[PDB]
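Peer 1: The following block contains the structure, expressed as structure tokens.
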Amino acid sequence: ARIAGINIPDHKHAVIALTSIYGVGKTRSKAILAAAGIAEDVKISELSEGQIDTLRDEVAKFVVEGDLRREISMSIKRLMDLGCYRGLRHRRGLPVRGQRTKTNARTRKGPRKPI
Amino acid sequence: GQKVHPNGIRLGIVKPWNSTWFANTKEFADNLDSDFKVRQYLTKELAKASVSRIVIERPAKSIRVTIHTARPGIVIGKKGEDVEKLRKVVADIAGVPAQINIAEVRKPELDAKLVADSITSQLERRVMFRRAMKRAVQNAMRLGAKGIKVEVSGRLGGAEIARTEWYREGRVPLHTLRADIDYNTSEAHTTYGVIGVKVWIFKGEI
Amino acid sequence: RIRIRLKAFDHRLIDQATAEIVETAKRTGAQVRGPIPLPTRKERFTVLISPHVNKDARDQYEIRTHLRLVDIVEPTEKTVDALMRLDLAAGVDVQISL
Amino acid sequence: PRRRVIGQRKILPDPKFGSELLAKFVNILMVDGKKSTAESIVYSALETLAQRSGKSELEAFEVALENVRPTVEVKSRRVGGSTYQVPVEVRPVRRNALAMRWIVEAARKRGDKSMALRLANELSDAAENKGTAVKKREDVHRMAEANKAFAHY
Amino acid sequence: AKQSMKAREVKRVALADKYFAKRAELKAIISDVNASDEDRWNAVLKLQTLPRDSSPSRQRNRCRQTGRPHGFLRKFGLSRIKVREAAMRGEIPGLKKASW
Amino acid sequence: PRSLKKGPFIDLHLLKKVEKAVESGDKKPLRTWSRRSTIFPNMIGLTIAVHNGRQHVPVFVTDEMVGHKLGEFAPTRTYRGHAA
Amino acid sequence: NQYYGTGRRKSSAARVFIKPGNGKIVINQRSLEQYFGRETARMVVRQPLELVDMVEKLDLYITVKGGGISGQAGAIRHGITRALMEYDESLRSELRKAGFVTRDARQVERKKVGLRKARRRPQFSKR
RNA sequence: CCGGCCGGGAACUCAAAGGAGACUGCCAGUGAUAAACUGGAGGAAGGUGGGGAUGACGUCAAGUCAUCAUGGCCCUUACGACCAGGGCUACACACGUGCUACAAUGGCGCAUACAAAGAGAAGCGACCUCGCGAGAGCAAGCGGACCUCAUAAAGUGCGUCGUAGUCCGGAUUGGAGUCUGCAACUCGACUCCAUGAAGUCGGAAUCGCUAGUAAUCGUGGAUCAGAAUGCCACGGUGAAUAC
RNA sequence: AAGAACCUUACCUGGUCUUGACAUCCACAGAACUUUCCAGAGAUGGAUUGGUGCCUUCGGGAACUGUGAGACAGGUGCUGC
Ligand SMILES: [Mg+2]
Ligand SMILES: [Mg+2]
Ligand SMILES: [Mg+2]
Ligand SMILES: [Mg+2]
Ligand SMILES: [Mg+2]
Ligand SMILES: [Mg+2]
Ligand SMILES: [Mg+2]
Ligand SMILES: [Mg+2]
Ligand SMILES: [Mg+2]
Ligand SMILES: [Mg+2]
Ligand SMILES: [Mg+2]
Ligand SMILES: [Mg+2]
Ligand SMILES: [Mg+2]
């Protein structure tokens with residue numbers, strides 16, 4: 001119930017639980033379970049410690065949690081200090097993939113700031 | 001309000017098409033452009049001859065142009081020296097062999113296009129538009145049209161406020177689809193601007 | 001077998017065409033299977049009518065390609081030449097096939 | 001409308017029981033034109049309530065409806081300054097429609113799980129005058145009783 | 001439209017027809033997958049050197065009677081306005097007002 | 001982005017300028033308009049004035065811009081903020 | 001001998017052949033139970049037979065095309081109705097009083113210009 | 001070789017032509033013995049059956065000189081023309097019109113049924129092989145009731161989730177990629193992996209709709225090299241209400 | 001607006017052209033056409049391999065190109081009062 005250094009829920013099925021690892025979604029969770037030979041509908045608190053060890057080994061293959069976080073952070077910071085268009089967009093906290101900013105863009109710009 | 005074209009709303013019902021050539025999506029655009037060019041050239045070169053209608057068919061890599069005209073002698077000329085040149089140029093424009101056939105139009109006074117052209121020519125010549133309209137209506141109702149409506153719109157008589165005036169006699173039931181409403185428009189480029197003439201002629205039913 | 005595909009923009013005219021097709025193919029001696037009506041292609045177009053704005057003011061036009069099929073099983077030698085010399089009226093496209 | 005409606009639309013009685021009353025109930029419960037889902041939910045609720053109680057599905061449904069059906073409602077009339085909440089007696093078709101609608105509103109607003117469970121529980125409560133539906137009927141009758149002075153109209 | 005605009009379109013059509021074959025060849029090298037890296041590179045460079053107006057994507061359909069770049073209809077080669085006018089005057093075969 | 005089968009895209013004239021400038025040493029900034037061109041590995045150290053609509057923004061090419069369009073480092077809009 | 005009828009509903013067309021037999025109903029080479037998932041559809045198919053009380057003494061061979069489940073069910077119902085019409089004319093009054101002879105002439109209304117659907121106008125605002 | 005597959009059949013569904021039908025025609029009552037109305041039979045349809053096209057005289061000196069034509073004025077080493085880059089895609093904000101949601105009438109997984117209408121020749125692209133997928137290779141067939149687009153989805157059967165900002169919800173962003181196009185940075189669509197936001201039904205106010213309509217589910221087309229949640233059509237399921 | 005990456009595009013920054021990109025008409029020269037090299041962001045300018053014909057009053061015209069003055073051409077410039 002502690003894979004890649006984080007607590008994962010014991011009450012949920014294995015596929016749903018493994019998605020709690022920052023870096024594993026449904027697809028990677030299914031791949032991990034298949035490679036470790038564990039049913040997709042088994043609940044975490046009902047796996048043998050050997051099975052959890054194998055799961056640890058599998059999830060160790062992929063970059064997750066802190067390593068992934070700092071990888072993403074160094075990619076963003078490289079964009080930043082290069083100061084290309086995407087670096088400038090990231091600095092200003094505006095949409096980065098060519099969306100419209102005349103309206104919407106609330107996810108990047110934050111909620112309404114009245115004048 | 002605006003009104004539907006008395007020709008278009010009746011094309012499939014009591015009118016014919018001014019073009020009955022069949023072609024597929026590869027040929028439709030080119031044939032339409034060539035028909036437009038031929039009609040434009042014919043009208044420009046036969047402005048004097050009073051060409052009432054131009055029908056175009058394309059049987060098989062050929063173009064047949066029937067020119068319903070009011071002065072067939074004028075458009076043909078001596079023997080056929082004029083229609084021969086017209087056919088040559090039409091064939092050159094269409095890129096295919098041509099065949100021009102002149103059609104007798106009896107009574108230019110019951111044909112909407114010819115009435116409109118006459119009225120526009122008078123307007124260019126600066127005749128009173130009320131007199132031109134009354135003459136047109138009287139001529140048609142004496143030739144025996146069951147009804148006629150004439151409308152002239154624009155800067156009539158050098159006015160600075162454009163207005164629309166229309167005379168009418170008999171019946172012109174534009175809503176009945178089976179009624180024979182021959183309708184046509186023309187423009188008169190006067191020195192005070194453009195003046196639009198529209199003519200409806202109701203000639204009968206089925 | 002001889003296959004005649006008649007395409008026209010007018011059902012009355014195409015009916016005239018196919019009638020005289022079958023009359024010629026029967027006077028020549030051969031027997032005919034038809035005419036067969038194949039579905040009309042109703043090509044529809046929608047166009048704004050004002051030169052400026054007014055989006056809800058539209059005309060809807062329609063082009064009805066009518067199509068008839070003529071079959072000539074047992075194609076007589078005179079039948080073939082008669083059909084190919086017949087020369088249909090304008091406004092009809094005829095495709096001849098074997 | 002200012003003219004008059006023709007006869008009401010024909011309704012095909014539901015297959016399991018052949019009751020147009022239940023057909024109307026299914027239609028009222030239906031959402032986004034998913035009559036299959038509505039019928040399955042209604043049928044599950046009916047069998048569940050029949051099993052919990054003992055009554056036949058149809059008669060138990062009738063009892064639950066009757067405990068919710070109103071008799072007089074209030075409509076608005078204009079004279080001036082204020083409005084009259086005039087009490088008017090209801091016709092039976094509107095009675096059944098209102099009873100069904102109130103039952104379905106209460107069932108949807110209940111906090112259970114499957115809507116069949118919600119509907120069975122709500123109808124069971126109506127079978128002894130407990131649901132939000134019977135509460136709404138209570139409110140309607142006591143409002144009409146309060147406004148009874150305007151009944152003469 | 002403008003006479004200059006129509007002239008531009010004519011020039012683009014002429015260049016596309018003139019240089020069509022070479023563009024076809026070079027794009028064949030590029031999208032061929034068993035062509036050497038040197039071949040694909042030189043083909044990219046030569047396709048660059050070919051004039052831009054040769055690209056058939058550079059063209060813009062125009063109403064042949066007015067040059068209008070909007071509202072085109074490929075079946076007729078005209079914009080909506082010209083199609084409406086000709087259709088009502090009967091200068092389009094078979095076409096007539098639809099109702100269904 | 002560009003399909004990998006087609007490889008990277010460099011405009012021929014900019015490639016010529018770059019190869020000649022690199023083989024003939026440090027020179028004037030490469031005045032160029034090819035914003036759509038790719039920064040190749042042998043681009044380092046070159047100062048290139050990439051057009052942006054009215055100006056030729058100078059860009060000192062370094063290692064970490066390899067594989068990026070030169071037009072990305074020359075912004076084409078001006079913005080400082082509303083009612084500052 | 002086989003008695004034939006045609007039913008239509010929405011855009012469904014159902015050819016229905018009836019011949020006296022053991023009460024077997026075949027829809028598109030498939031039994032009714034596993035061809036129609038909706039008990040409403042099964043009721044719709046069997047409605048004329050049960051209302052004329054001839055449910056077991058006829059055999060149905062039916063082929064239907066076009067439409068959806070309910071449209072096809074109505075097409076089947078119309079097909080049996082007409083097949084029994086041309087079987088006997090005596091049950092005509094009963095079937096009309098029931099309301100099965102009538103072909104329900106209700107199609108999907110065409111979409112119109114300036115509306116989102118048949119009648120759903122775009123949302124209007126004074127300003 | 002269970003596939004109309006082949007021989008065949010012309011019945012049937014369909015395809016397209018031509019006809020018939022519905023007219024207040026008949027009956028009853030009401031009604032100024034009139035128009036007509038309230039019903040009833042018959043009939044597929046009963047009262048202009050449903051829908052569409054059809055927009056009267058005229059009103060707003062309403063809109064368009066940027067489709068076009070056009071009087072008058074104006075520019076003409078130019079206010080015309082050519083070219084490459086950029087912008088029309090900018091964002092403290094405000095409004096309109098929509099899409100997806102806020103979940104269990106649901107989500108996900110597996111199996112499976114039922115459509116109409118349209119398109120297509122530097123076009124639609126089978127089958128097969130490869131790729132996890134966008135797609136790639138070879139490549140038939142078809143200007144077509146033949147071939148392709150193109151397995152409809154909602155629905156049904158089983159399991160799962162068990163009310164939680166959640167297997168809801170999909171924004172945003174990182175990495176890796178496919179296709180079109182000379183070229184995808186400004187500024188494309190799509191795919192895989194990852195991230196997983198706001199949102200728990202929305203104040204005053206306000207909109208659409210009386211039938212196969214609303215609601216809901218998918219499909220096609222025009223424009224188009226690529227680029228729809230828009231627009232225009234098509235069918236599937238399918239109500240409540242009108243005193 | 002039935003669909004702005006370049007085009008569209010009418011706007012902006014620069015590089016350029018002015019009887020002009022597109023029309024007639026005047027004269028002269030030259031068949032056109034095709035390919036190739038340089039410079040320039042491209043426009044555009046230098047060249048030039050090949051080509052030098054189609055009818056013929058065989059001498060010239062028909063086309064297609066450049067040049068040379070124009071009469072003009074061009075305007076998505078204003079005015080929908
Ligand atoms: Mg112009
Ligand atoms: Mg384009
Ligand atoms: Mg709209
Ligand atoms: Mg009328
Ligand atoms: Mg204005
Ligand atoms: Mg815009
Ligand atoms: Mg999800
Ligand atoms: Mg398409
Ligand atoms: Mg497209
Ligand atoms: Mg629909
Ligand atoms: Mg641009
Ligand atoms: Mg005005
Ligand atoms: Mg005004």
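All residue names refer to the structure tokens as shown: chains lettered A, B, ... in order, residues numbered from 1 in each chain, ligands numbered from 1 in order.
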Which residues come within 12 Å of residue E:41, counting only C-alpha atoms (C1' of nucleotides), excluding same-chain residues fewer than 3 positions away, as number ranges by chain?
Peer 2: E: 26-27, 29-31, 35-38, 44-48; F: 5-12
Peer 1: Give the helix (DSSP H, G or I) residues of chain G, as assigned by DSSP on the backbone, as a PDB file with C-alpha atoms, in the first residue's frame.
Peer 2:
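Saved to selection-v5.pdb:
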ATOM      1  CA  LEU G  32     -39.391 -12.554 -31.931  1.00  0.00           C
ATOM      2  CA  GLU G  33     -37.954 -12.938 -28.431  1.00  0.00           C
ATOM      3  CA  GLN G  34     -34.338 -12.448 -29.483  1.00  0.00           C
ATOM      4  CA  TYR G  35     -35.127 -10.021 -32.287  1.00  0.00           C
ATOM      5  CA  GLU G  39     -41.328  -5.835 -24.244  1.00  0.00           C
ATOM      6  CA  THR G  40     -43.182  -2.853 -25.699  1.00  0.00           C
ATOM      7  CA  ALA G  41     -42.042  -3.932 -29.165  1.00  0.00           C
ATOM      8  CA  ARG G  42     -43.189  -7.496 -28.521  1.00  0.00           C
ATOM      9  CA  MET G  43     -46.547  -6.204 -27.287  1.00  0.00           C
ATOM     10  CA  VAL G  44     -46.832  -4.021 -30.387  1.00  0.00           C
ATOM     11  CA  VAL G  45     -46.156  -6.999 -32.651  1.00  0.00           C
ATOM     12  CA  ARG G  46     -48.622  -9.276 -30.854  1.00  0.00           C
ATOM     13  CA  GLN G  47     -51.367  -6.661 -30.332  1.00  0.00           C
ATOM     14  CA  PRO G  48     -53.526  -7.530 -33.395  1.00  0.00           C
ATOM     15  CA  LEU G  49     -53.320 -11.282 -32.787  1.00  0.00           C
ATOM     16  CA  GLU G  50     -54.364 -10.984 -29.157  1.00  0.00           C
ATOM     17  CA  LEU G  51     -57.124  -8.500 -29.941  1.00  0.00           C
ATOM     18  CA  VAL G  52     -58.651 -10.764 -32.595  1.00  0.00           C
ATOM     19  CA  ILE G  69     -36.905  -0.744 -33.121  1.00  0.00           C
ATOM     20  CA  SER G  70     -40.206   1.030 -32.507  1.00  0.00           C
ATOM     21  CA  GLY G  71     -40.712   1.970 -36.145  1.00  0.00           C
ATOM     22  CA  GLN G  72     -40.147  -1.636 -37.160  1.00  0.00           C
ATOM     23  CA  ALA G  73     -42.521  -2.796 -34.423  1.00  0.00           C
ATOM     24  CA  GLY G  74     -45.235  -0.500 -35.744  1.00  0.00           C
ATOM     25  CA  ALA G  75     -44.488  -1.697 -39.263  1.00  0.00           C
ATOM     26  CA  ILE G  76     -44.964  -5.291 -38.103  1.00  0.00           C
ATOM     27  CA  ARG G  77     -48.245  -4.367 -36.437  1.00  0.00           C
ATOM     28  CA  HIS G  78     -49.515  -2.735 -39.619  1.00  0.00           C
ATOM     29  CA  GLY G  79     -48.360  -5.727 -41.656  1.00  0.00           C
ATOM     30  CA  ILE G  80     -50.335  -8.215 -39.569  1.00  0.00           C
ATOM     31  CA  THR G  81     -53.300  -5.857 -39.557  1.00  0.00           C
ATOM     32  CA  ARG G  82     -53.412  -5.740 -43.359  1.00  0.00           C
ATOM     33  CA  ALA G  83     -52.631  -9.452 -43.691  1.00  0.00           C
ATOM     34  CA  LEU G  84     -55.683 -10.304 -41.593  1.00  0.00           C
ATOM     35  CA  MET G  85     -57.691  -7.726 -43.551  1.00  0.00           C
ATOM     36  CA  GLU G  86     -56.942  -9.697 -46.705  1.00  0.00           C
ATOM     37  CA  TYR G  87     -57.396 -12.916 -44.711  1.00  0.00           C
ATOM     38  CA  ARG G  92     -62.164  -5.272 -40.245  1.00  0.00           C
ATOM     39  CA  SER G  93     -64.582  -3.458 -37.945  1.00  0.00           C
ATOM     40  CA  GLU G  94     -62.860  -4.775 -34.819  1.00  0.00           C
ATOM     41  CA  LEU G  95     -59.413  -3.815 -36.075  1.00  0.00           C
ATOM     42  CA  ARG G  96     -60.562  -0.325 -37.061  1.00  0.00           C
ATOM     43  CA  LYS G  97     -62.298   0.282 -33.736  1.00  0.00           C
ATOM     44  CA  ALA G  98     -59.040  -0.791 -32.120  1.00  0.00           C
TER      45      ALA G  98
END
Peer 1: Can you list, as a ChimeraX atom specification, every protein, DNA or RNA residue that comes within 6 Å of stretch 135-149 of chain D when you count only C-alpha atoms (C1' of nucleotides), leaving out same-chain residues fewer than 2 positions away?
Peer 2: /D:70,74,87,132-133,151
Peer 1: Quick one: which chain I residues come within 12 Å of chain C, and what is the nearest atom pair for each with the distance in Å to one decimal, counting only C-alpha atoms (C1' of nucleotides), rows ordered by chain and ascending number, as JSON lines?
Peer 2:
{"residue": "I:1", "atom": "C1'", "partner": "C:53", "partner_atom": "CA", "distance": 9.8}
{"residue": "I:2", "atom": "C1'", "partner": "C:47", "partner_atom": "CA", "distance": 8.3}
{"residue": "I:80", "atom": "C1'", "partner": "C:52", "partner_atom": "CA", "distance": 11.8}
Peer 1: Output the selection as a PDB file, in the first residue's frame - C-alpha atoms (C1' of nucleotides) for each residue.
Peer 2:
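See out04.pdb below for the written result:
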ATOM      1  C1'   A I   1     -17.066  34.731 -43.729  1.00  0.00           C
ATOM      2  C1'   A I   2     -19.949  27.684 -47.403  1.00  0.00           C
ATOM      3  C1'   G I  80     -26.540  52.875 -49.517  1.00  0.00           C
TER       4        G I  80
END
Peer 1: What's around residue C:69 at 9 Å? Count only C-alpha atoms (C1' of nucleotides), leave out sequence neighbours fewer than 5 positions away in its own chain, and write the answer as JSON, numbers by chain.
Peer 2: {"C": [3, 4, 5, 6, 18, 33, 34, 35, 36, 37, 38]}
Peer 1: Create the file for the chosen residues now, containing N, CA and C atoms and written as a short mmCIF file (atom, residue, chain, number, x, y, z; two decimals), in the first residue's frame.
Peer 2:
data_model
loop_
_atom_site.label_atom_id
_atom_site.label_comp_id
_atom_site.auth_asym_id
_atom_site.auth_seq_id
_atom_site.Cartn_x
_atom_site.Cartn_y
_atom_site.Cartn_z
N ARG C 3 -25.66 -2.13 -72.88
CA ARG C 3 -26.13 -1.37 -71.73
C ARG C 3 -26.20 0.10 -72.11
N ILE C 4 -27.39 0.69 -71.96
CA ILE C 4 -27.61 2.09 -72.29
C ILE C 4 -27.93 2.82 -71.00
N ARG C 5 -27.11 3.81 -70.66
CA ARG C 5 -27.35 4.65 -69.49
C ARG C 5 -27.77 6.03 -69.98
N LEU C 6 -29.02 6.39 -69.69
CA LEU C 6 -29.58 7.69 -70.05
C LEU C 6 -29.60 8.56 -68.82
N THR C 18 -36.07 7.36 -73.86
CA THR C 18 -36.08 5.91 -73.65
C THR C 18 -37.17 5.24 -74.45
N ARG C 33 -34.99 -5.24 -72.29
CA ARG C 33 -35.35 -5.41 -70.89
C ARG C 33 -35.36 -4.02 -70.26
N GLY C 34 -36.53 -3.41 -70.19
CA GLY C 34 -36.65 -2.10 -69.61
C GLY C 34 -37.80 -1.30 -70.16
N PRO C 35 -37.77 0.03 -69.97
CA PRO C 35 -36.70 0.76 -69.28
C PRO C 35 -36.72 0.62 -67.76
N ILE C 36 -35.54 0.68 -67.15
CA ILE C 36 -35.38 0.54 -65.70
C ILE C 36 -35.12 1.92 -65.12
N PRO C 37 -35.85 2.35 -64.11
CA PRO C 37 -35.58 3.66 -63.53
C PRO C 37 -34.58 3.59 -62.39
N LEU C 38 -33.41 4.19 -62.53
CA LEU C 38 -32.51 4.18 -61.39
C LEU C 38 -32.64 5.47 -60.60
#
Peer 1: Excluding residue H:113 and its own-chain neighbours fewer than 2 positions away, which residues fall within 12 Å of it when counting only C-alpha atoms (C1' of nucleotides)? Please give them as a PyMOL selection string.
Peer 2: (chain G and resi 28+30+34-38+68-69) or (chain H and resi 111+115+152+155-157)
Peer 1: Step one, run DSSP on the backbone; step two, keep only residues of chain E assigned to strand (DSSP E or B); then write them as number ranges by chain.
Peer 2: E: 72-73, 78-79, 96-97
Peer 1: Please list as number ranges by chain every residue within 12 Å of residue F:78, counting only C-alpha atoms (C1' of nucleotides) and excluding residues in the same chain fewer than 4 positions away.
Peer 2: F: 52-55, 74; H: 86-87, 90-91, 186
Peer 1: Mind listing the residues within 10 Å of ligand 10, only C-alpha atoms (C1' of nucleotides) and all ligand atoms counted, as a VMD selection string?
Peer 2: (chain G and resid 108 to 111 117 to 118) or (chain H and resid 212 216 to 218 234 to 237)
Peer 1: Would you save the residues of that selection, restricted to N, CA, C and O atoms (P, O5', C5', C4', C3', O3' and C1' of nucleotides), as a PDB file, in the first residue's frame?
Peer 2:
ATOM      1  N   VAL G 108     -40.482  12.330 -39.413  1.00  0.00           N
ATOM      2  CA  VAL G 108     -39.696  13.379 -38.780  1.00  0.00           C
ATOM      3  C   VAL G 108     -39.789  14.637 -39.630  1.00  0.00           C
ATOM      4  O   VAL G 108     -39.472  14.624 -40.825  1.00  0.00           O
ATOM      5  N   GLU G 109     -40.249  15.725 -39.023  1.00  0.00           N
ATOM      6  CA  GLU G 109     -40.369  16.982 -39.741  1.00  0.00           C
ATOM      7  C   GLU G 109     -38.991  17.486 -40.144  1.00  0.00           C
ATOM      8  O   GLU G 109     -38.034  17.411 -39.373  1.00  0.00           O
ATOM      9  N   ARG G 110     -38.897  17.994 -41.365  1.00  0.00           N
ATOM     10  CA  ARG G 110     -37.616  18.397 -41.914  1.00  0.00           C
ATOM     11  C   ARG G 110     -37.021  19.551 -41.122  1.00  0.00           C
ATOM     12  O   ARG G 110     -37.737  20.386 -40.569  1.00  0.00           O
ATOM     13  N   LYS G 111     -35.695  19.586 -41.060  1.00  0.00           N
ATOM     14  CA  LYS G 111     -35.023  20.750 -40.508  1.00  0.00           C
ATOM     15  C   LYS G 111     -35.204  21.935 -41.441  1.00  0.00           C
ATOM     16  O   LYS G 111     -35.231  21.790 -42.663  1.00  0.00           O
ATOM     17  N   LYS G 117     -33.489  23.034 -35.139  1.00  0.00           N
ATOM     18  CA  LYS G 117     -34.078  21.766 -35.537  1.00  0.00           C
ATOM     19  C   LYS G 117     -35.343  22.021 -36.341  1.00  0.00           C
ATOM     20  O   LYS G 117     -35.394  22.958 -37.140  1.00  0.00           O
ATOM     21  N   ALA G 118     -36.369  21.200 -36.144  1.00  0.00           N
ATOM     22  CA  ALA G 118     -37.612  21.431 -36.863  1.00  0.00           C
ATOM     23  C   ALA G 118     -38.280  22.723 -36.416  1.00  0.00           C
ATOM     24  O   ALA G 118     -38.732  23.516 -37.246  1.00  0.00           O
TER      25      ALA G 118
ATOM     26  P     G H 212     -47.461  15.081 -35.848  1.00  0.00           P
ATOM     27  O5'   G H 212     -46.099  14.313 -35.551  1.00  0.00           O
ATOM     28  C5'   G H 212     -44.858  14.723 -36.115  1.00  0.00           C
ATOM     29  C4'   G H 212     -43.740  14.427 -35.153  1.00  0.00           C
ATOM     30  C3'   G H 212     -42.455  13.855 -35.732  1.00  0.00           C
ATOM     31  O3'   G H 212     -41.588  14.827 -36.332  1.00  0.00           O
ATOM     32  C1'   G H 212     -43.130  12.601 -33.828  1.00  0.00           C
ATOM     33  P     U H 216     -31.038  18.253 -24.958  1.00  0.00           P
ATOM     34  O5'   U H 216     -30.715  16.728 -25.255  1.00  0.00           O
ATOM     35  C5'   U H 216     -30.613  15.792 -24.197  1.00  0.00           C
ATOM     36  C4'   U H 216     -30.731  14.379 -24.695  1.00  0.00           C
ATOM     37  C3'   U H 216     -29.767  13.974 -25.791  1.00  0.00           C
ATOM     38  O3'   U H 216     -28.475  13.665 -25.308  1.00  0.00           O
ATOM     39  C1'   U H 216     -31.936  13.239 -26.346  1.00  0.00           C
ATOM     40  P     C H 217     -27.207  13.814 -26.274  1.00  0.00           P
ATOM     41  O5'   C H 217     -27.334  12.570 -27.250  1.00  0.00           O
ATOM     42  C5'   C H 217     -27.193  11.246 -26.765  1.00  0.00           C
ATOM     43  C4'   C H 217     -27.171  10.265 -27.903  1.00  0.00           C
ATOM     44  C3'   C H 217     -26.271  10.644 -29.059  1.00  0.00           C
ATOM     45  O3'   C H 217     -24.934  10.247 -28.835  1.00  0.00           O
ATOM     46  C1'   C H 217     -28.390   9.994 -29.877  1.00  0.00           C
ATOM     47  P     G H 218     -23.719  11.129 -29.389  1.00  0.00           P
ATOM     48  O5'   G H 218     -23.790  10.940 -30.966  1.00  0.00           O
ATOM     49  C5'   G H 218     -22.871  10.093 -31.637  1.00  0.00           C
ATOM     50  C4'   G H 218     -23.538   9.331 -32.751  1.00  0.00           C
ATOM     51  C3'   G H 218     -23.216   9.791 -34.161  1.00  0.00           C
ATOM     52  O3'   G H 218     -21.996   9.254 -34.629  1.00  0.00           O
ATOM     53  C1'   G H 218     -25.550   9.506 -33.935  1.00  0.00           C
ATOM     54  P     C H 234     -34.374  16.671 -43.966  1.00  0.00           P
ATOM     55  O5'   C H 234     -33.515  15.375 -43.637  1.00  0.00           O
ATOM     56  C5'   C H 234     -33.094  14.501 -44.669  1.00  0.00           C
ATOM     57  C4'   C H 234     -32.344  13.322 -44.111  1.00  0.00           C
ATOM     58  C3'   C H 234     -33.014  12.595 -42.968  1.00  0.00           C
ATOM     59  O3'   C H 234     -34.032  11.716 -43.397  1.00  0.00           O
ATOM     60  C1'   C H 234     -30.739  12.929 -42.458  1.00  0.00           C
ATOM     61  P     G H 235     -35.499  11.839 -42.769  1.00  0.00           P
ATOM     62  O5'   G H 235     -35.451  10.893 -41.494  1.00  0.00           O
ATOM     63  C5'   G H 235     -35.544   9.487 -41.632  1.00  0.00           C
ATOM     64  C4'   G H 235     -34.414   8.781 -40.929  1.00  0.00           C
ATOM     65  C3'   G H 235     -34.695   8.290 -39.526  1.00  0.00           C
ATOM     66  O3'   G H 235     -35.454   7.101 -39.495  1.00  0.00           O
ATOM     67  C1'   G H 235     -32.621   9.378 -39.547  1.00  0.00           C
ATOM     68  P     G H 236     -36.560   6.904 -38.354  1.00  0.00           P
ATOM     69  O5'   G H 236     -35.702   6.543 -37.068  1.00  0.00           O
ATOM     70  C5'   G H 236     -34.790   5.459 -37.082  1.00  0.00           C
ATOM     71  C4'   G H 236     -34.211   5.226 -35.715  1.00  0.00           C
ATOM     72  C3'   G H 236     -35.159   5.459 -34.555  1.00  0.00           C
ATOM     73  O3'   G H 236     -36.006   4.354 -34.321  1.00  0.00           O
ATOM     74  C1'   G H 236     -33.085   6.493 -34.109  1.00  0.00           C
ATOM     75  P     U H 237     -37.483   4.564 -33.741  1.00  0.00           P
ATOM     76  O5'   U H 237     -37.235   4.971 -32.228  1.00  0.00           O
ATOM     77  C5'   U H 237     -36.594   4.078 -31.338  1.00  0.00           C
ATOM     78  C4'   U H 237     -36.298   4.744 -30.023  1.00  0.00           C
ATOM     79  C3'   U H 237     -37.475   5.418 -29.342  1.00  0.00           C
ATOM     80  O3'   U H 237     -38.279   4.501 -28.623  1.00  0.00           O
ATOM     81  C1'   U H 237     -35.609   6.862 -29.315  1.00  0.00           C
TER      82        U H 237
END
Peer 1: Near chain A, which residues of chain H fall within 7 Å when you count only C-alpha atoms (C1' of nucleotides), and what do they look like as a list in words?
Peer 2: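 Applying the cut-off to the listed atoms yields residues 89, 91, 92, 167, 171, 172, 174, 187, 194 and 197 of chain H.
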Peer 1: Using only C-alpha atoms (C1' of nucleotides) and all ligand atoms, which residues of the polymer chains come no farther than 7 Å from ligand 3? I'd like the answer as number ranges by chain.
Peer 2: C: 55; G: 114, 122
Peer 1: Filtering to C-alpha atoms, could you give me those residues as a PDB file, in the first residue's frame?
Peer 2:
ATOM      1  CA  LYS C  55     -27.903  34.819 -42.570  1.00  0.00           C
TER       2      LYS C  55
ATOM      3  CA  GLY G 114     -32.956  29.615 -39.414  1.00  0.00           C
ATOM      4  CA  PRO G 122     -32.052  29.828 -31.716  1.00  0.00           C
TER       5      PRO G 122
END
Peer 1: List the spatial neighbours of residue C:8 as a ChimeraX atom specification - criterion: any atom at most 8 Å away, only C-alpha atoms (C1' of nucleotides), same-chain residues fewer than 5 positions off excluded.
Peer 2: /B:22 /C:13-14,65-67,91-93
Peer 1: What residues have any atom no more than 9 Å from ligand 7 when counting only C-alpha atoms (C1' of nucleotides) and all ligand atoms, and can you list them as number ranges by chain?
Peer 2: H: 107-108, 167-170
